[PDB]
Ligand SMILES: [Cl-]
Ligand SMILES: [Zn+2]
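Residue numbers (the numbering used here), protein chains in the order written: chain A, 2 to 22; chain B, 2 to 22; chain C, 2 to 22; chain D, 38 to 67; chain E, 38 to 67; chain F, 38 to 67.
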């Protein structure tokens, strides 16, 4: 999930984009 | 207080409303 | 830096102003 | 006090929405 | 759950910008 | 780095207001 993935480690703009439609 | 109450535990929308006028 | 300075201790409005142009 | 200062910012944000026209009061006191 | 609730708020914020018109989905699930 | 990334977001926010027209500079460097 984004939380487990982006709240323990700073997600980059590209990792964030994986959660886009 | 709201802090001691809502920063140690996620206050719900209803717990938050207790701080409304 | 502001981070090391303002994320370990609450910077006041005046400490913040030191980072203004 | 920082983690707490960060949290409060969100609290106020959430009070603004929840309460709407009712308005709200924020007292950081102990 | 708070530190995590705080973090998520920022996530959504960052998804809104990154994705733009694409829109996005946010699922807090485990 | 997250708690620090969260904090910085608020810093910038607070610099924008405090400094106003003066503008401001944000350098995350060590
Ligand atoms: Cl935060
Ligand atoms: Zn925040």
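Here a beta-carbon is modelled for each residue, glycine too, at the ideal position from N, C-alpha and C.
Note on geometry: alpha-carbon atoms of residue 65 (chain E) and residue 38 (chain E) lie some 11 Å from one another. Between the alpha carbons of residue 57 (chain D) and residue 67 (chain F) lies a gap of roughly 41 Å.
Residue 61 (chain F) has C:21 as its beta-bridge partners, per DSSP. Residue 43 (chain D) has its Cβ nearer than 7 Å to a heavy atom of ligand 1.
Under the Cβ criterion (8 Å, minimum of three pairs), the stretch 46-54 of chain F counts as touching the stretch 11-21 of chain C. At a cut-off of 8 Å between beta carbons, residue 39 (chain F) contacts chain A.
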